[PDB]
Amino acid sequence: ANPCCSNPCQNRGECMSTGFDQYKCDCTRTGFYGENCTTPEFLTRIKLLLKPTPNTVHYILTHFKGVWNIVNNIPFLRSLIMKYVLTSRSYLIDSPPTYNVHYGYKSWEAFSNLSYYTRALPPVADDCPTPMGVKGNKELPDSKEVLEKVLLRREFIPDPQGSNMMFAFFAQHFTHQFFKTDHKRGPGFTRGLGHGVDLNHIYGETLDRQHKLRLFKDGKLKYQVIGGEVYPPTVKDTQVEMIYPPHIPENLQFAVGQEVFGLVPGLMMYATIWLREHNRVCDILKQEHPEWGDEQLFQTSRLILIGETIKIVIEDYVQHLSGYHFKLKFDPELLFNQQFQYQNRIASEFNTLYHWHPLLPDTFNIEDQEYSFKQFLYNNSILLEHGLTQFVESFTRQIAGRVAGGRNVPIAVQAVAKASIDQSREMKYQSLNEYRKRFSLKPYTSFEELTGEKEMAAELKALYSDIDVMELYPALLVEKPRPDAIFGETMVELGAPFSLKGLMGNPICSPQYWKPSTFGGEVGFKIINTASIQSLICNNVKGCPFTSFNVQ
């Protein structure tokens, strides 16, 4: 009965009920006017005629390698291009943030309460006749049916971009500092109150936890030595809370910032590497600053490791995921003459789209061995047995799975894919197509257009009946990929805005933070500005093994 249930306002206009069964669209600064904000203003008409499609842009960015080679070596051109991607991407995000799972209208509660994930689109009102608003049936199709018919792996589909397991575990490790759903509260709530790249997954969310992880000598984090190699310390040494099944022996209960990182040896690999990187940066800072005390060594190192992280995420991780020949750049100076909000609130939909469980192989391959899921999970003896070097060498060789294209979620994790479907519904997400318009994409007109084939498309039609009723999460995993690419259109177009805002929103990117003295001088500043996935592994893993995010 809520008259805004049909989601009638278009082009980012805001709907508001003006009576028990009438509505009004606020078209302020949409660039359109009219009842539904669909009548464009002159300048908008021109802008929309000169805007190429995302797929048009993807082609140009993934072809003409010789030209981009030249462009990449003309700094002012490279800077101009990257400046434009940063600002044009980021305008797609609401900042300061607006809606959440409980608020489909702006409120001081939705603004102020940091425990919520925010919402790119408001939730469908409780009193709407259907789950998606007014379209479709009274109930969405059975999530188990959806799961089994179009999401579950039959045969492993390797990523055509050649993403490796160093990449898969990096994505998991990196994102789990800002994806930390509070299950005590509900799926639309977070325990990552920093809402960004604060490295709480290394240092801990709270000061108490951080202080138990710290050595209070030379700015360092506690560690232990086992077989001559540096690993994180134990729960017994540090007294910090971790999630471990009851049978894990005390000596293998490792303590790190993130409480769930001891449950996957690939996560524990990165926790070790970064802890190692933190202590290494303390030694460099102490060399430069014998006057400095423990506190400042610790704090400055943390700032540097945050910079290293954003640097690597942009120039290696996103570089690889995008497939672009254009050389992406981490340079905060790009935004200083530009309008940008140095803040971020993590979006629920960003959490949802980052569920890339199809990346996971059917087995994990370290040296001679091939480990099943049951063997791999909660099992840090494997890390100790093989060591980091072999972990890196092995995971650099092992191909990850393709994410879009359908039917490639491993069964070992099928409950996690079911919960993604079920919790999107619980949180009253709007439909795939509503989210496509939200990020200026053309709605799909059929399931065949979505999938780019006929079989999964036909199964989806039998379940959903109407393309307008298709759900975001399953669409992302079933969408037609770009040519020989890991993702489809929707993943990139919603993902790129959330991601870059979170990276460039950090306070260290603000002009008052982004200078040498923030990071202990030019030596500290250089560490950020020369950081790479290769150098991270080379400085902290014995024998400086080669590494990359793609299978070589």
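In this text, the rigid core denotes the largest set of C-alpha atoms whose superposition between the two forms falls within 1.5 Å. In case it trips you up, residue 1 is the first one in the sequence shown, and so on.
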{"property": "Between 166-174 and 82-90, the one whose CA atoms sit farther away in 6 other deposited structures of this protein (rigid core aligned)", "result": "82-90"}
{"property": "Higher-B stretch (mean Cα B-factor, as the entry records it), 295-303 or 137-145", "result": "137-145"}
{"property": "Given 340-348 and 464-472, the range whose Cα B-factors average higher in the PDB entry", "result": "464-472"}
{"property": "Candidate residues 109, 308, 315, 126, the one whose C-alpha B factor the record puts highest", "result": "126"}
{"property": "Most elevated Cα B-factor in the entry, residues 175, 200, 322, 369", "result": "369"}
{"property": "Ranked C-alpha temperature factor of residue 456 among modelled chain residues, by third", "result": "highest"}
{"property": "CA B-factor placement of residue 195, once the chain's modelled residues are sorted into thirds", "result": "lowest"}
{"property": "Among modelled residues of the same chain, the CA temperature factor third for residue 210", "result": "lowest"}
{"property": "For residue 265, the third of its chain into which the C-alpha B factor falls", "result": "middle"}
{"property": "For residue 118, the third of its chain into which the C-alpha B factor falls", "result": "lowest"}
